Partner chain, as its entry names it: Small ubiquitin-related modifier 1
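Just one chain follows, in the form solved without its partner chain, and it is written as structure tokens.
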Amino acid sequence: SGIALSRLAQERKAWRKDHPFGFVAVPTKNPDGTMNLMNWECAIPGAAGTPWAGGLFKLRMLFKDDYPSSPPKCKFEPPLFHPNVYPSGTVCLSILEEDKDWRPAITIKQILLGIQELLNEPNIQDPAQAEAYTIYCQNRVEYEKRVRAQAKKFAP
């Protein structure tokens, strides 16, 4: 898709020029070695001063041919413990749904900052996985203990 590839080239240019510290966002490669702008490997650092601090959380960003009509699918690999992350790793976030709060103008930087914000502030109205949601509601101290252990597990 010329439209998608043009925009994704723009996003790549913008990202490389200016991005939040500690974040990674890089296109992958096709089997013939050429750049695949439709599939990006990303990393989100835990925010300092939070239970997520010290962790670096890898995710994949997958674009459809009609991007930016549609949002990318954003998938933590491996899946994370968090009330709004499905067991598959897919992130549940309103800006990542075409029929909700997605806008074509939203940038890869805004997506990754939006997901970082989600990590530290779950949306209890949108549970995506039973376990983390249940613990978040029943015992916040236990919830943070689990989050800190996970952050240590994914320390770079």
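Residue numbers count along the first chain shown, from 1.
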query: Stretch with the higher entry mean CA B-factor, where the candidates are 108 to 116 and 49 to 57; finding: 49 to 57
query: 26 to 34 versus 65 to 73 - greater average Cα B-factor per the deposited record; finding: 26 to 34
query: Third of the chain, ranked by Cα B-factor, where residue 89 sits; finding: lowest
query: Third of the chain's Cα B-factor distribution that residue 124 belongs to, per the entry; finding: highest
query: Residue 8 CA temperature factor, ranked by third within the chain; finding: lowest
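In what follows, reference is made to the form solved in complex with its partner chain, a form of this protein that is not presented.
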item	value
In the entry with it bound: members of 124 to 141 within 4.5 Å of its partner chain, any heavy atom	126, 127, 128
